Amino acid sequence: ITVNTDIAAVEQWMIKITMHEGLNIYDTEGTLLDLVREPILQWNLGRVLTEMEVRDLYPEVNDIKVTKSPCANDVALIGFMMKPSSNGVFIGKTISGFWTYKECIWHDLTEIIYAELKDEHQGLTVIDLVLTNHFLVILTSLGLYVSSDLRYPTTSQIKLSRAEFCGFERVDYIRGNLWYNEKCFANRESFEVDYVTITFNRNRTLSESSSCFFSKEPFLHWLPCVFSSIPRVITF
Amino acid sequence: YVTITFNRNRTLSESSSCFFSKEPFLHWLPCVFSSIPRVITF
Amino acid sequence: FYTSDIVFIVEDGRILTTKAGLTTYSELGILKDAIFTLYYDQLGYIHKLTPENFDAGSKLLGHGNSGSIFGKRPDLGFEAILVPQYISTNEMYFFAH
Amino acid sequence: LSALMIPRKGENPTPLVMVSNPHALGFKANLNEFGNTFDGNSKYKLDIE
Amino acid sequence: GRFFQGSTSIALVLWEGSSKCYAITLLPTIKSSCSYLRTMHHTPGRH
Amino acid sequence: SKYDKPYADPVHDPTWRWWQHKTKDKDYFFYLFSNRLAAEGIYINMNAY
Amino acid sequence: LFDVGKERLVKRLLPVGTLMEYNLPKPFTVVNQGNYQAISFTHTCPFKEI
Ligand SMILES: *[C@@H]1O[C@H](CO)[C@@H](O[C@@H]2O[C@H](CO)[C@@H](O[C@@H]3O[C@H](CO[C@@H]4O[C@H](CO)[C@@H](O)[C@H](O[C@@H]5O[C@H](CO)[C@@H](O)[C@H](O)[C@@H]5O)[C@@H]4O)[C@@H](O)[C@H](O[C@@H]4O[C@H](CO)[C@@H](O)[C@H](O)[C@@H]4O[C@@H]4O[C@H](CO)[C@@H](O)[C@H](O)[C@@H]4O)[C@@H]3O)[C@H](O)[C@H]2NC(C)=O)[C@H](O)[C@H]1NC(C)=O
Ligand SMILES: *[C@@H]1O[C@H](CO)[C@@H](O)[C@H](O)[C@H]1NC(C)=O
Ligand SMILES: *[C@@H]1O[C@H](CO)[C@@H](O)[C@H](O)[C@H]1NC(C)=O
């Protein structure tokens, strides 16, 4: 099937079982997924929550978000948005496309996301999250975080970098969306470049006059989407 | 050196209200690094 | 991206569906759960995701049917008086009163 | 060898080729559609090698 | 292609068809690059 | 309208006389067009006429 | 067309086949199907297709 065994974005495979090839009679469809080349699977997302540790969380859940991992589906991440009464970042992982509830292993990322903060503030929930072909972006209640990368496993634990947004407090990050074009880049042609847009609902304060930013592939420089009554950018 | 002092709530974006800079006033760095007493003057 | 299916969720619990590039749509049904979301896998099957509920559908076909979770295909008709009227051998008008 | 098959109008029959002695006779069969009749049904040509 | 340069998508839509059919839209992609199998070899003739 | 001559050309299709002394070298015209180094960026094809 | 705002001289197709098909009053029968009654128009063209 495959002769290369690095870490890269490789598509899934569609499997057809038949009783004969040319005279196709009893067709049955299915999926086959590679494990050793999938980017996201090689890292540990965080501390594993056990059973009956997620059951008490249920009367606190407020909304559900999912990812898709554009090149190969069925390896989605499911994120919980929760009430401000409870605390923690709660993400489950699938590898079989949510066919059984027993397989969605639940993690928690509170330690990793509190590391680059210098102090715990109040309590945080995941607002939105996307999974690009080589990066993971999470807009949580306390700001925006970008994973370092997925193709170079070094510590078996995701290292998040906190994006900077001057003048942005908690009541802005709870109203903000991430937009991304779901396109698969399997063999990685040179012209293919990925973008991510973030949009807030703000008042155009003194510190920042924009409400809409976008960034290229290593999500480090976030530049405003509008340059030099005034309309609002719903989506760029 | 020049010091600048504010009166803030220690928000999410910024944790300091006391900065200072050298003769080229381009790199303004906080005066105190890592209940919390407020610094009136540094 | 398989089967080119698109599904919108609208408050009051309704679910609208279409294919990509078509200029018409349909109403798959209704769903009144408090917190839920819809997911499409690689083969095209649709799953309802809820805390402690990952449902896939009662009736499953070989291909990727997108209406398995809902019970019966709903009646799209309203309540009015229809007056029919012939115009040809195989064509007919209906007037809503 | 070659055979021709026309199915019913709405049904979907699946043909099959079998060998009495598979220990000493192997085959490969290809079923391809060619033409379409006047009424609307489609002729199928299946060739066995 | 036109000349020396990307990618594009070709969409085939059956506008008349119903929304309960399994396959309606077909989306080939055409890339103005070379595949990973496009190589050139030189047989030495010795074997 | 000029093909009314009473002397038989070796080939039909009177555009053969047009595209005969230049048709040996279509590839160079194509190379000059593809890398946009020629004329007004105009590629005059040989089989379009 | 004498209509106010569009008083103008226009040329227009006259679909004779469509008019002939839209000529409605034709012999029919009250045929019994599905333990009910339907209006089935008698076939006048001797052939089905050409
Ligand atoms: C859908 O799924 C299919 C499943 O097959 C998948 O096809 C696979 O795509 C891969 C690319 O993503 C292909 O990998 C490529 O393999 C090339 C070598 O092919 C050789 O073919 C020989 C005869 O068939 C075979 O004997 C040979 O055996 C192998 O040799 C390897 C050493 O070359 C060795 O490591 C193996 O263990 C095995 O012995 C090969 O199979 C490679 O040339 C190609 O590119 C190289 O990649 C490596 C790693 O990054 C790199 O170090 C190396 O320099 C090459 O990079 C570039 O090569 C080009 C030449 O091609 C140079 O010009 C550049 O300068 C670079 O140097 C790559 O690894 C794989 O072969 C293929 N599967 C099969 C069965 O063929 C599709 O891609 C999937 N598609 C989608 C959209 O998902
Ligand atoms: C802008 O400010 C007004 C009052 O100052 C506030 O009501 C409004 O919500 C603000 N806009 C947004 C998008 O929050
Ligand atoms: C901090 O916040 C409290 C209430 O939110 C306010 O009363 C106080 O003035 C703030 N501190 C400063 C220095 O403004």
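Chain B is numbered as in Swiss-Prot, which gives 313-346, 353-360 for the residues shown.
Per the header: electron microscopy, 6.8 Å.
Even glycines carry a Cβ here, placed using N, Cα and C.
Feature annotations, reproduced from Swiss-Prot:
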DISULFID  B:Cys330-B:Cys343  disulfide bond
CARBOHYD  B:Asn321  N-linked glycosylation site
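Counting every protein chain shown, 8 other Cβ atoms lie within 10 Å of the Cβ of the residue listed as 'N-linked glycosylation site'. Within 10 Å of the Cβ of B:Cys330 (disulfide bond) there are 17 other Cβ atoms, across all protein chains.
Annotation note: B:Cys330 (disulfide bond) sits in a strand segment as assigned by DSSP.
In sequence order, B:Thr315, B:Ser328, B:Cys330, B:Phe331, B:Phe332, B:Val357, B:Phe360 are the residues near B:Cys343 (disulfide bond), counting only same-chain partners six or more apart with C-beta under 8 A.
Look at B:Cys343 (disulfide bond): DSSP puts it in coil. Each of the recorded positions B:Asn321, B:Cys330, B:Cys343 was checked for a CB under 8 angstroms from a CB of chain D; none meets this.
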